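Have a look below at one chain only, the form deposited in one PDB entry, in structure tokens format.
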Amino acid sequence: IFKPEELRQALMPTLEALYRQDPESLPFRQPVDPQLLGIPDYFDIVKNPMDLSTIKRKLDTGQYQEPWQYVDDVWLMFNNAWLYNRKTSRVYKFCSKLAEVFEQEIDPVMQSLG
């Protein structure tokens, strides 16, 4: 049974790795705002929105008990973006860049956590 400070120390470097991907992480730093973006169908398509600010806040305040719940949220944000956006769009290709980065950093940390 993990403690939320153990979880934060080990997983937060993987989250900071995402934030550094400038400009790729910019669309993902805050919730998608469908009104601002003019995309009224977004919450029809994305039933469980997620973004970097929400994951950071959940990490910071201890809302994850096990590491796979953090991993699930990160992949939720990618899958939402791959689902809603066309393959030709910048955010789609941005999402693939951050997903590539993420797999690269999450593997060793998950194996030392377990």
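Just count from 1 along the sequence shown to find any residue number. We call the rigid core the largest set of C-alpha positions that still match within 1.5 Å between the two forms.
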- Core-superposed in 7 other deposited structures of this protein, which stretch deviates more in Cα positions, 33 to 41 or 46 to 54? 33 to 41
- Message: If you average the CA temperature factors as listed in the entry, which stretch comes out higher, 62 to 70 or 37 to 45?
- Response: 62 to 70
- Query: Between 5 to 13 and 96 to 104, which has the larger average Cα B-factor in the PDB entry?
  - Reply: 5 to 13
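One more form of this protein, deposited with a small molecule bound, exists but is not displayed; see below.
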- Query: According to a 4.5 angstroms non-hydrogen atom cut-off, is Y64 in contact with the small molecule in the bound PDB entry?
  - Reply: no
- Task: Using a 4.5 Å heavy atom cut-off, state whether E6 contacts the small molecule in the bound PDB entry.
- Result: no
- Query: Does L113 make contact with the small molecule in the bound PDB entry, using a 4.5 Å heavy atom cut-off?
  - Reply: no
